[PDB]
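**Student:** Next comes coords_10.txt, compact mmCIF, C-alpha atoms:
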# COMPACT_ATOMS: atom_id res chain seq x y z
CA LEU A 4 -46.08 100.47 12.13
CA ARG A 5 -47.22 102.48 15.14
CA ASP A 6 -45.90 99.62 17.37
CA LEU A 7 -42.52 100.91 16.04
CA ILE A 8 -42.78 104.15 18.04
CA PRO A 9 -40.82 104.24 21.35
CA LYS A 10 -43.37 103.70 24.17
CA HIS A 11 -41.39 105.66 26.71
CA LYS A 12 -38.42 107.82 27.55
CA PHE A 13 -35.71 105.02 27.44
CA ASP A 14 -37.29 102.78 24.84
CA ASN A 15 -34.55 101.97 22.28
CA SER A 16 -36.23 98.72 21.24
CA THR A 17 -37.53 99.60 17.82
CA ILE A 18 -34.48 101.53 16.54
CA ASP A 19 -32.71 98.68 14.77
CA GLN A 20 -36.21 98.00 13.28
CA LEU A 21 -36.59 101.67 12.21
CA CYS A 22 -33.13 101.73 10.65
CA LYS A 23 -34.51 99.23 8.04
CA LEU A 24 -37.57 101.43 7.17
CA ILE A 25 -37.25 104.13 4.38
CA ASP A 26 -38.72 107.52 3.24
CA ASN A 27 -41.89 106.14 1.60
CA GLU A 28 -42.17 103.69 4.56
CA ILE A 29 -41.62 105.67 7.78
CA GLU A 30 -43.59 108.93 7.18
CA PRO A 31 -46.81 107.57 8.80
CA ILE A 32 -45.00 107.53 12.19
CA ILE A 33 -42.39 110.24 11.56
CA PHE A 34 -44.13 112.98 13.57
CA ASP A 35 -44.49 110.65 16.56
CA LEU A 36 -40.76 109.88 16.33
CA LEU A 37 -40.09 113.66 16.42
CA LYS A 38 -42.13 113.90 19.63
CA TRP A 39 -39.25 112.12 21.28
CA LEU A 40 -37.06 115.12 20.57
CA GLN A 41 -39.07 117.22 23.03
CA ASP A 42 -36.40 116.68 25.65
CA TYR A 43 -32.92 115.73 24.41
CA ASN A 44 -32.02 114.47 27.86
CA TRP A 45 -34.35 111.52 27.42
CA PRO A 46 -32.06 108.61 26.75
CA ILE A 47 -34.20 107.70 23.76
CA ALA A 48 -34.01 111.16 22.15
CA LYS A 49 -30.33 110.65 21.20
CA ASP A 50 -31.15 107.31 19.41
CA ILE A 51 -34.07 108.94 17.54
CA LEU A 52 -32.27 112.03 16.29
CA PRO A 53 -30.20 110.31 13.55
CA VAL A 54 -33.30 108.46 12.23
CA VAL A 55 -35.31 111.68 11.89
CA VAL A 56 -32.35 113.38 10.26
CA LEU A 57 -31.81 110.62 7.73
CA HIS A 58 -35.49 110.93 6.88
CA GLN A 59 -35.56 114.73 7.00
CA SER A 60 -37.32 115.09 3.64
CA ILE A 61 -40.57 113.45 4.82
CA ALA A 62 -40.21 115.24 8.16
CA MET A 63 -40.25 118.78 6.83
CA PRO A 64 -43.97 119.55 7.09
CA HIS A 65 -43.87 118.17 10.62
CA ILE A 66 -40.75 120.13 11.45
CA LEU A 67 -42.69 123.26 10.46
CA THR A 68 -45.61 122.35 12.70
CA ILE A 69 -43.23 122.08 15.66
CA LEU A 70 -41.76 125.51 14.95
CA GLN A 71 -45.17 127.12 14.67
CA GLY A 72 -45.99 125.07 17.82
CA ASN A 73 -46.34 126.22 21.44
CA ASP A 74 -43.61 124.04 22.86
CA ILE A 75 -40.52 126.16 23.59
CA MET A 76 -38.25 123.28 24.58
CA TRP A 77 -39.43 121.13 21.59
CA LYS A 78 -38.67 123.61 18.85
CA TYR A 79 -35.51 124.60 20.66
CA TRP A 80 -34.21 121.01 20.30
CA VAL A 81 -35.51 120.69 16.79
CA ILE A 82 -33.74 123.94 15.81
CA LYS A 83 -30.54 123.26 17.70
CA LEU A 84 -30.14 119.64 16.61
CA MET A 85 -31.65 119.52 13.17
CA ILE A 86 -31.17 122.75 11.23
CA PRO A 87 -27.41 122.14 10.95
CA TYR A 88 -28.18 118.90 9.07
CA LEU A 89 -30.84 120.03 6.62
CA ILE A 90 -29.91 119.75 2.94
CA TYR A 91 -30.28 123.09 1.03
CA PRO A 92 -33.98 122.84 0.03
CA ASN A 93 -35.04 121.55 3.49
CA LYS A 94 -32.79 124.15 5.20
CA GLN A 95 -34.54 126.86 3.14
CA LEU A 96 -37.94 125.49 4.13
CA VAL A 97 -37.48 126.61 7.72
CA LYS A 98 -35.69 129.93 7.23
CA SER A 99 -39.11 131.62 7.77
CA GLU A 100 -39.59 129.97 11.12
CA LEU A 101 -36.12 130.99 12.27
CA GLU A 102 -36.80 134.47 11.00
CA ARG A 103 -40.12 134.67 12.94
CA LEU A 104 -38.70 133.23 16.12
CA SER A 105 -35.71 135.64 16.09
CA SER A 106 -38.39 138.34 15.88
CA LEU A 107 -40.36 137.59 19.08
CA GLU A 108 -40.31 140.19 21.86
CA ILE A 109 -38.53 138.71 24.86
CA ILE A 110 -41.18 138.62 27.57
CA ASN A 111 -40.08 135.64 29.67
CA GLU A 112 -36.57 134.16 30.01
CA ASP A 113 -37.31 130.85 28.21
CA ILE A 114 -38.31 132.99 25.17
CA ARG A 115 -34.84 134.59 25.24
CA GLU A 116 -33.03 131.23 24.77
CA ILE A 117 -34.88 130.42 21.55
CA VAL A 118 -34.65 134.00 20.12
CA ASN A 119 -30.90 133.77 20.65
CA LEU A 120 -30.67 130.29 19.18
CA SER A 121 -32.46 131.60 16.04
CA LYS A 122 -30.50 134.79 15.53
CA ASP A 123 -27.28 132.76 15.93
CA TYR A 124 -28.27 129.91 13.61
CA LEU A 125 -29.56 132.32 10.99
CA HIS A 126 -26.36 134.18 11.44
CA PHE A 127 -24.28 131.08 11.00
CA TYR A 128 -26.02 128.74 8.62
CA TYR A 129 -27.39 131.32 6.17
CA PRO A 130 -24.26 133.46 5.48
CA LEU B 4 -17.71 113.36 -10.63
CA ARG B 5 -14.54 114.83 -9.15
CA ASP B 6 -15.55 118.21 -10.69
CA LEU B 7 -18.33 117.94 -8.04
CA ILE B 8 -15.88 118.47 -5.17
CA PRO B 9 -15.70 122.04 -3.74
CA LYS B 10 -12.52 123.66 -5.18
CA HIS B 11 -12.03 125.95 -2.22
CA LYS B 12 -13.07 127.09 1.21
CA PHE B 13 -16.31 128.98 0.15
CA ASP B 14 -17.26 126.90 -2.85
CA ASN B 15 -20.97 126.03 -2.45
CA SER B 16 -21.45 125.58 -6.20
CA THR B 17 -21.81 121.84 -6.47
CA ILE B 18 -24.07 121.27 -3.43
CA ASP B 19 -27.43 121.40 -5.19
CA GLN B 20 -25.72 119.00 -7.69
CA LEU B 21 -24.55 116.70 -4.84
CA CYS B 22 -27.98 116.67 -3.23
CA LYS B 23 -29.19 114.73 -6.35
CA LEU B 24 -26.41 112.07 -6.09
CA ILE B 25 -27.00 108.89 -3.92
CA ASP B 26 -25.13 106.20 -1.87
CA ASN B 27 -24.03 104.03 -4.82
CA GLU B 28 -23.27 107.28 -6.74
CA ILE B 29 -21.32 109.60 -4.41
CA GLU B 30 -18.84 107.22 -2.66
CA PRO B 31 -16.06 107.83 -5.26
CA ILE B 32 -15.78 111.45 -4.02
CA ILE B 33 -17.07 111.01 -0.46
CA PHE B 34 -13.65 111.14 1.25
CA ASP B 35 -12.77 114.35 -0.61
CA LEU B 36 -16.07 115.86 0.58
CA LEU B 37 -15.09 114.93 4.16
CA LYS B 38 -11.81 116.82 3.71
CA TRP B 39 -13.91 119.94 3.80
CA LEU B 40 -14.79 119.17 7.40
CA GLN B 41 -11.19 119.81 8.46
CA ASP B 42 -12.16 123.27 9.63
CA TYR B 43 -15.84 123.86 10.41
CA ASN B 44 -15.30 127.60 10.16
CA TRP B 45 -14.86 127.31 6.41
CA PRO B 46 -18.09 128.60 4.99
CA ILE B 47 -18.28 125.51 2.81
CA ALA B 48 -17.90 123.04 5.69
CA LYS B 49 -21.42 123.82 7.00
CA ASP B 50 -22.97 123.09 3.52
CA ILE B 51 -21.02 119.80 3.25
CA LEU B 52 -21.84 118.39 6.66
CA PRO B 53 -25.49 117.42 5.92
CA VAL B 54 -24.46 115.71 2.64
CA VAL B 55 -21.82 113.56 4.36
CA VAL B 56 -24.28 112.73 7.12
CA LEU B 57 -27.03 111.69 4.74
CA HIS B 58 -24.49 109.43 3.07
CA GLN B 59 -22.90 108.23 6.31
CA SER B 60 -23.08 104.55 5.37
CA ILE B 61 -20.61 104.85 2.47
CA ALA B 62 -18.52 107.25 4.55
CA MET B 63 -17.78 104.91 7.42
CA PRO B 64 -14.48 103.44 6.25
CA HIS B 65 -13.32 106.97 5.51
CA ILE B 66 -14.56 108.23 8.85
CA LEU B 67 -12.34 105.58 10.45
CA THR B 68 -9.31 106.68 8.46
CA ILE B 69 -9.78 110.23 9.74
CA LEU B 70 -9.94 109.04 13.34
CA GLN B 71 -6.82 106.93 12.98
CA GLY B 72 -5.40 110.01 11.16
CA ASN B 73 -2.87 112.59 12.37
CA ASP B 74 -5.12 115.60 12.03
CA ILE B 75 -6.32 116.71 15.47
CA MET B 76 -8.70 119.41 14.25
CA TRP B 77 -10.12 117.11 11.48
CA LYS B 78 -11.12 114.22 13.68
CA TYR B 79 -12.28 116.67 16.32
CA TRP B 80 -14.86 118.07 13.85
CA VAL B 81 -15.73 114.66 12.54
CA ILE B 82 -16.34 113.41 16.10
CA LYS B 83 -18.13 116.50 17.33
CA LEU B 84 -20.38 116.93 14.31
CA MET B 85 -20.98 113.43 13.06
CA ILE B 86 -21.07 110.87 15.87
CA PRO B 87 -24.36 112.29 17.19
CA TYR B 88 -25.97 111.47 13.82
CA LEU B 89 -24.69 107.96 13.18
CA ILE B 90 -27.36 105.25 13.01
CA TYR B 91 -26.74 102.34 15.48
CA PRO B 92 -24.47 100.14 13.30
CA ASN B 93 -22.42 103.13 12.05
CA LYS B 94 -22.30 104.60 15.59
CA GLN B 95 -20.92 101.24 16.81
CA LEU B 96 -18.32 101.23 14.04
CA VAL B 97 -16.45 104.12 15.63
CA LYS B 98 -16.80 103.27 19.32
CA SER B 99 -13.23 101.84 19.13
CA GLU B 100 -11.82 105.09 17.83
CA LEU B 101 -13.53 107.08 20.57
CA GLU B 102 -12.30 104.55 23.08
CA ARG B 103 -8.67 104.87 21.80
CA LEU B 104 -8.73 108.63 21.63
CA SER B 105 -10.13 108.95 25.19
CA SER B 106 -7.11 106.83 26.15
CA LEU B 107 -4.28 109.06 24.87
CA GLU B 108 -1.92 110.60 27.44
CA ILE B 109 -2.37 114.36 27.39
CA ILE B 110 1.00 115.69 26.28
CA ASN B 111 0.04 118.92 24.50
CA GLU B 112 -3.07 121.07 25.03
CA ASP B 113 -4.68 120.35 21.62
CA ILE B 114 -4.60 116.63 22.62
CA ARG B 115 -6.64 117.50 25.73
CA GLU B 116 -9.57 118.92 23.71
CA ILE B 117 -10.07 115.72 21.73
CA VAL B 118 -9.57 113.38 24.76
CA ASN B 119 -12.30 115.36 26.50
CA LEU B 120 -14.56 115.36 23.47
CA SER B 121 -14.25 111.53 23.35
CA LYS B 122 -14.78 110.78 27.01
CA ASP B 123 -17.86 113.05 26.92
CA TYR B 124 -19.36 111.63 23.73
CA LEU B 125 -18.73 108.07 24.86
CA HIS B 126 -20.27 109.07 28.11
CA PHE B 127 -23.30 110.54 26.44
CA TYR B 128 -24.05 108.61 23.30
CA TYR B 129 -23.22 105.11 24.56
CA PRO B 130 -25.16 105.02 27.89
Can you turn what I pasted into structure tokens?

**Tutor:**
Amino acid sequence: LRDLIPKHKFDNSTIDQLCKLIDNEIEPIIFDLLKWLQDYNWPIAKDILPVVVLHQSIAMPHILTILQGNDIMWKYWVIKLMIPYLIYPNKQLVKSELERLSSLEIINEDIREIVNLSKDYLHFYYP
Amino acid sequence: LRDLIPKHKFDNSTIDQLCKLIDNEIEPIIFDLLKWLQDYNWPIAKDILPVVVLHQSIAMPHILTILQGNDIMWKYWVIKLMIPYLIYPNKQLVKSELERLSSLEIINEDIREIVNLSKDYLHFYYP
């Protein structure tokens, strides 16, 4: 199934073949798929998004990981693109991460962007 | 199942009960659900989005309807919020609508917004 993971930044070749796979099925590669969301400007990232959203239930653990992670850009995309499409339980699963991130002291400027994304999403998707 | 449709603009009461329903199951109400996406600033609209995205396959016909529709704001939300999350076949199902909308002559200013949304989405999600 690993052959199903995009091998580079433009690799849309396996998508039609991932669209067939399901929740039980795709989980073994699901975190690798998410790695494509590190930069949304990769032409592949846009193709991957909908797949990882459809299969958001099996992706939750791994979505947490990314938010506890040390990639600023990665969790920024994951927050910006995915939170809005989490179903109530899943959406509630990440509240804590959004909470923590909104909390960080703004040392560098990249930190700012993601504090602000979190305050605003919390503000919008939780009221 | 119709009792499952939000009865007003803030009505989040049936969501947890819709999250249980599936593709075979929910289609009878799916177009009514979409009617909540007419204004995204309705507190309910944000809760509904993820449901109608998860069930995008049964929603396709009805997504077309809205794009051929006469609601500017409605198709604007539907385009802005949903296209980015359509899986390849579904995404290809609406290309024509995006194409047509990008084509409209800009008489009034509200028309502008949706021409521009369509050129830009076409430009981004199709390359």

**Student:** Around all listed atoms of stretch 41-57 of chain B, padded 8 Å per side, what centre and edge lengths does the axis-aligned box have in Å to one decimal, as lines of an AutoDock Vina configuration file?

**Tutor:**
center_x = -19.1
center_y = 120.1
center_z = 6.5
size_x = 31.8
size_y = 32.9
size_z = 23.8

**Student:** Considering all atoms listed in the file, return as a list in words whatever protein or nucleic-acid residues lie within 8 Å of residue A:18, sequence-local ones (same chain, fewer than 5 positions apart) excluded.

**Tutor:**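 What passes the distance filter is residues 50 and 51 of chain A; 91 of chain B.
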
**Student:** I need the chain A residues near chain B as a short mmCIF file (atom, residue, chain, number, x, y, z; two decimals) with C-alpha atoms, keeping the file's coordinate frame; criterion: at most 8 Å, counting only C-alpha atoms.

**Tutor:**
data_model
loop_
_atom_site.label_atom_id
_atom_site.label_comp_id
_atom_site.auth_asym_id
_atom_site.auth_seq_id
_atom_site.Cartn_x
_atom_site.Cartn_y
_atom_site.Cartn_z
CA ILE A 18 -34.48 101.53 16.54
CA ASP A 19 -32.71 98.68 14.77
CA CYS A 22 -33.13 101.73 10.65
CA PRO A 46 -32.06 108.61 26.75
CA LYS A 49 -30.33 110.65 21.20
CA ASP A 50 -31.15 107.31 19.41
CA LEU A 52 -32.27 112.03 16.29
CA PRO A 53 -30.20 110.31 13.55
CA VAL A 54 -33.30 108.46 12.23
CA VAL A 56 -32.35 113.38 10.26
CA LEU A 57 -31.81 110.62 7.73
CA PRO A 87 -27.41 122.14 10.95
CA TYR A 88 -28.18 118.90 9.07
CA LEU A 89 -30.84 120.03 6.62
CA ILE A 90 -29.91 119.75 2.94
CA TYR A 91 -30.28 123.09 1.03
CA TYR A 128 -26.02 128.74 8.62
CA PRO A 130 -24.26 133.46 5.48
#

**Student:** How many Å lie between atom CA of residue B:5 and atom CA of residue B:83, rounded to one decimal?

**Tutor:**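 That distance, rounded to one decimal, is 26.8 Å.
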
**Student:** Calculate how many Å separate atom CA of residue B:30 from atom CA of residue B:61, rounding to one decimal.

**Tutor:**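 About the pair atom CA of residue B:30 and atom CA of residue B:61: they are 5.9 Å apart.
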
**Student:** Nearest to residue A:76 among A:111, A:16, A:41, A:119, with distances taken over all atoms listed in the file: which residue is it?

**Tutor:** A:41

**Student:** What does the distance from atom CA of residue B:95 to atom CA of residue B:34 come to in Å, to one decimal?

**Tutor:**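 Interatomic distance, atom CA of residue B:95 to atom CA of residue B:34: 19.8 Å.
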
**Student:** My list of candidates is B:48, B:109, B:125, B:29. Which is closest to residue B:81 when distances are computed with only C-alpha atoms?

**Tutor:** B:48

**Student:** Could you pull stretch 11-45 of chain A out of the structure I just pasted and write it to a file containing N, CA, C and O atoms, as a PDB file, in the first residue's frame?

**Tutor:**
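Output (decode.pdb):
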ATOM      1  N   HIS A  11       6.610  12.355  -4.863  1.00  0.00           N
ATOM      2  CA  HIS A  11       7.119  13.699  -4.820  1.00  0.00           C
ATOM      3  C   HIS A  11       6.028  14.725  -4.881  1.00  0.00           C
ATOM      4  O   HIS A  11       4.822  14.405  -4.961  1.00  0.00           O
ATOM      5  N   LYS A  12       6.490  15.974  -4.880  1.00  0.00           N
ATOM      6  CA  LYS A  12       5.684  17.180  -4.791  1.00  0.00           C
ATOM      7  C   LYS A  12       4.544  17.397  -5.842  1.00  0.00           C
ATOM      8  O   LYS A  12       3.632  18.199  -5.594  1.00  0.00           O
ATOM      9  N   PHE A  13       4.579  16.694  -6.987  1.00  0.00           N
ATOM     10  CA  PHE A  13       3.567  16.877  -8.051  1.00  0.00           C
ATOM     11  C   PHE A  13       2.833  15.605  -8.363  1.00  0.00           C
ATOM     12  O   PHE A  13       1.921  15.607  -9.208  1.00  0.00           O
ATOM     13  N   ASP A  14       3.216  14.547  -7.646  1.00  0.00           N
ATOM     14  CA  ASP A  14       2.772  13.193  -7.904  1.00  0.00           C
ATOM     15  C   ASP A  14       1.298  12.866  -7.604  1.00  0.00           C
ATOM     16  O   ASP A  14       0.956  12.349  -6.523  1.00  0.00           O
ATOM     17  N   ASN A  15       0.446  13.102  -8.601  1.00  0.00           N
ATOM     18  CA  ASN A  15      -1.002  12.854  -8.473  1.00  0.00           C
ATOM     19  C   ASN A  15      -1.451  11.452  -8.914  1.00  0.00           C
ATOM     20  O   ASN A  15      -2.648  11.186  -9.096  1.00  0.00           O
ATOM     21  N   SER A  16      -0.480  10.561  -9.064  1.00  0.00           N
ATOM     22  CA  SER A  16      -0.673   9.307  -9.794  1.00  0.00           C
ATOM     23  C   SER A  16      -1.501   8.263  -9.062  1.00  0.00           C
ATOM     24  O   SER A  16      -2.119   7.401  -9.681  1.00  0.00           O
ATOM     25  N   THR A  17      -1.518   8.355  -7.744  1.00  0.00           N
ATOM     26  CA  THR A  17      -2.106   7.304  -6.954  1.00  0.00           C
ATOM     27  C   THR A  17      -3.470   7.721  -6.423  1.00  0.00           C
ATOM     28  O   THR A  17      -4.139   6.931  -5.764  1.00  0.00           O
ATOM     29  N   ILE A  18      -3.887   8.952  -6.732  1.00  0.00           N
ATOM     30  CA  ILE A  18      -5.107   9.553  -6.145  1.00  0.00           C
ATOM     31  C   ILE A  18      -6.356   8.750  -6.496  1.00  0.00           C
ATOM     32  O   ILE A  18      -7.032   8.216  -5.617  1.00  0.00           O
ATOM     33  N   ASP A  19      -6.650   8.663  -7.788  1.00  0.00           N
ATOM     34  CA  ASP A  19      -7.718   7.806  -8.270  1.00  0.00           C
ATOM     35  C   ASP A  19      -7.666   6.416  -7.568  1.00  0.00           C
ATOM     36  O   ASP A  19      -8.696   5.852  -7.216  1.00  0.00           O
ATOM     37  N   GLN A  20      -6.463   5.895  -7.324  1.00  0.00           N
ATOM     38  CA  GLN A  20      -6.297   4.613  -6.616  1.00  0.00           C
ATOM     39  C   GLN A  20      -6.498   4.716  -5.084  1.00  0.00           C
ATOM     40  O   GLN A  20      -6.767   3.711  -4.412  1.00  0.00           O
ATOM     41  N   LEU A  21      -6.369   5.922  -4.532  1.00  0.00           N
ATOM     42  CA  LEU A  21      -6.634   6.144  -3.107  1.00  0.00           C
ATOM     43  C   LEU A  21      -8.116   6.408  -2.886  1.00  0.00           C
ATOM     44  O   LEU A  21      -8.658   6.094  -1.826  1.00  0.00           O
ATOM     45  N   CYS A  22      -8.758   7.011  -3.885  1.00  0.00           N
ATOM     46  CA  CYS A  22     -10.187   7.295  -3.783  1.00  0.00           C
ATOM     47  C   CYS A  22     -10.988   6.009  -3.552  1.00  0.00           C
ATOM     48  O   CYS A  22     -11.980   6.042  -2.814  1.00  0.00           O
ATOM     49  N   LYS A  23     -10.533   4.884  -4.124  1.00  0.00           N
ATOM     50  CA  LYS A  23     -11.141   3.546  -3.906  1.00  0.00           C
ATOM     51  C   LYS A  23     -10.992   3.031  -2.454  1.00  0.00           C
ATOM     52  O   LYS A  23     -11.945   2.494  -1.877  1.00  0.00           O
ATOM     53  N   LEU A  24      -9.797   3.209  -1.877  1.00  0.00           N
ATOM     54  CA  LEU A  24      -9.494   2.751  -0.512  1.00  0.00           C
ATOM     55  C   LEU A  24     -10.463   3.380   0.527  1.00  0.00           C
ATOM     56  O   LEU A  24     -11.055   4.436   0.258  1.00  0.00           O
ATOM     57  N   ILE A  25     -10.640   2.712   1.679  1.00  0.00           N
ATOM     58  CA  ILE A  25     -11.569   3.147   2.764  1.00  0.00           C
ATOM     59  C   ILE A  25     -10.892   3.273   4.147  1.00  0.00           C
ATOM     60  O   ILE A  25      -9.679   3.057   4.267  1.00  0.00           O
ATOM     61  N   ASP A  26     -11.687   3.609   5.174  1.00  0.00           N
ATOM     62  CA  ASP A  26     -11.197   3.849   6.551  1.00  0.00           C
ATOM     63  C   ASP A  26     -10.377   2.718   7.194  1.00  0.00           C
ATOM     64  O   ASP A  26      -9.258   2.959   7.662  1.00  0.00           O
ATOM     65  N   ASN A  27     -10.933   1.505   7.237  1.00  0.00           N
ATOM     66  CA  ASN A  27     -10.148   0.315   7.587  1.00  0.00           C
ATOM     67  C   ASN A  27      -8.865   0.247   6.728  1.00  0.00           C
ATOM     68  O   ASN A  27      -7.756   0.140   7.260  1.00  0.00           O
ATOM     69  N   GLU A  28      -9.033   0.377   5.411  1.00  0.00           N
ATOM     70  CA  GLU A  28      -7.964   0.191   4.420  1.00  0.00           C
ATOM     71  C   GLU A  28      -6.769   1.166   4.492  1.00  0.00           C
ATOM     72  O   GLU A  28      -5.608   0.740   4.512  1.00  0.00           O
ATOM     73  N   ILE A  29      -7.050   2.468   4.492  1.00  0.00           N
ATOM     74  CA  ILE A  29      -6.014   3.469   4.204  1.00  0.00           C
ATOM     75  C   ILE A  29      -5.120   3.898   5.387  1.00  0.00           C
ATOM     76  O   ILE A  29      -4.001   4.371   5.174  1.00  0.00           O
ATOM     77  N   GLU A  30      -5.616   3.726   6.615  1.00  0.00           N
ATOM     78  CA  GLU A  30      -4.906   4.100   7.844  1.00  0.00           C
ATOM     79  C   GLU A  30      -3.395   3.783   7.881  1.00  0.00           C
ATOM     80  O   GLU A  30      -2.610   4.606   8.377  1.00  0.00           O
ATOM     81  N   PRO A  31      -2.976   2.593   7.374  1.00  0.00           N
ATOM     82  CA  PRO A  31      -1.531   2.296   7.381  1.00  0.00           C
ATOM     83  C   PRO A  31      -0.659   3.353   6.681  1.00  0.00           C
ATOM     84  O   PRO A  31       0.494   3.528   7.059  1.00  0.00           O
ATOM     85  N   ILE A  32      -1.199   4.047   5.681  1.00  0.00           N
ATOM     86  CA  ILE A  32      -0.439   5.093   4.993  1.00  0.00           C
ATOM     87  C   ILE A  32      -0.896   6.535   5.331  1.00  0.00           C
ATOM     88  O   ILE A  32      -0.284   7.519   4.905  1.00  0.00           O
ATOM     89  N   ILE A  33      -1.940   6.658   6.136  1.00  0.00           N
ATOM     90  CA  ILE A  33      -2.631   7.932   6.287  1.00  0.00           C
ATOM     91  C   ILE A  33      -1.774   9.091   6.805  1.00  0.00           C
ATOM     92  O   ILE A  33      -2.004  10.265   6.446  1.00  0.00           O
ATOM     93  N   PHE A  34      -0.786   8.758   7.632  1.00  0.00           N
ATOM     94  CA  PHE A  34       0.132   9.763   8.200  1.00  0.00           C
ATOM     95  C   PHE A  34       1.138  10.245   7.154  1.00  0.00           C
ATOM     96  O   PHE A  34       1.566  11.387   7.181  1.00  0.00           O
ATOM     97  N   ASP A  35       1.488   9.360   6.227  1.00  0.00           N
ATOM     98  CA  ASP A  35       2.395   9.685   5.138  1.00  0.00           C
ATOM     99  C   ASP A  35       1.697  10.637   4.186  1.00  0.00           C
ATOM    100  O   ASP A  35       2.280  11.652   3.766  1.00  0.00           O
ATOM    101  N   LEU A  36       0.448  10.299   3.850  1.00  0.00           N
ATOM    102  CA  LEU A  36      -0.448  11.177   3.076  1.00  0.00           C
ATOM    103  C   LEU A  36      -0.488  12.599   3.642  1.00  0.00           C
ATOM    104  O   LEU A  36      -0.335  13.555   2.901  1.00  0.00           O
ATOM    105  N   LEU A  37      -0.678  12.711   4.958  1.00  0.00           N
ATOM    106  CA  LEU A  37      -0.714  13.986   5.672  1.00  0.00           C
ATOM    107  C   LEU A  37       0.596  14.780   5.528  1.00  0.00           C
ATOM    108  O   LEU A  37       0.611  16.018   5.619  1.00  0.00           O
ATOM    109  N   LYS A  38       1.700  14.062   5.306  1.00  0.00           N
ATOM    110  CA  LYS A  38       2.998  14.706   5.209  1.00  0.00           C
ATOM    111  C   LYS A  38       3.030  15.562   3.981  1.00  0.00           C
ATOM    112  O   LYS A  38       3.839  16.465   3.885  1.00  0.00           O
ATOM    113  N   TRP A  39       2.129  15.286   3.047  1.00  0.00           N
ATOM    114  CA  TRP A  39       2.034  16.084   1.845  1.00  0.00           C
ATOM    115  C   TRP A  39       1.414  17.417   2.084  1.00  0.00           C
ATOM    116  O   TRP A  39       1.564  18.331   1.259  1.00  0.00           O
ATOM    117  N   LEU A  40       0.752  17.564   3.234  1.00  0.00           N
ATOM    118  CA  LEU A  40       0.101  18.833   3.576  1.00  0.00           C
ATOM    119  C   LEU A  40       1.053  19.805   4.251  1.00  0.00           C
ATOM    120  O   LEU A  40       0.617  20.835   4.768  1.00  0.00           O
ATOM    121  N   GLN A  41       2.347  19.490   4.229  1.00  0.00           N
ATOM    122  CA  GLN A  41       3.342  20.337   4.887  1.00  0.00           C
ATOM    123  C   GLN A  41       3.426  21.692   4.214  1.00  0.00           C
ATOM    124  O   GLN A  41       3.512  22.723   4.896  1.00  0.00           O
ATOM    125  N   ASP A  42       3.399  21.681   2.880  1.00  0.00           N
ATOM    126  CA  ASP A  42       3.262  22.901   2.115  1.00  0.00           C
ATOM    127  C   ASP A  42       2.077  22.782   1.157  1.00  0.00           C
ATOM    128  O   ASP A  42       2.041  21.891   0.307  1.00  0.00           O
ATOM    129  N   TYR A  43       1.103  23.675   1.303  1.00  0.00           N
ATOM    130  CA  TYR A  43      -0.120  23.592   0.498  1.00  0.00           C
ATOM    131  C   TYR A  43       0.142  24.037  -0.964  1.00  0.00           C
ATOM    132  O   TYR A  43      -0.575  23.676  -1.921  1.00  0.00           O
ATOM    133  N   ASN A  44       1.215  24.784  -1.139  1.00  0.00           N
ATOM    134  CA  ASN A  44       1.614  25.149  -2.488  1.00  0.00           C
ATOM    135  C   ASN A  44       2.279  24.037  -3.317  1.00  0.00           C
ATOM    136  O   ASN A  44       2.670  24.269  -4.446  1.00  0.00           O
ATOM    137  N   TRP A  45       2.409  22.841  -2.765  1.00  0.00           N
ATOM    138  CA  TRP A  45       2.842  21.738  -3.585  1.00  0.00           C
ATOM    139  C   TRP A  45       1.648  21.303  -4.366  1.00  0.00           C
ATOM    140  O   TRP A  45       0.576  21.073  -3.808  1.00  0.00           O
TER     141      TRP A  45
END
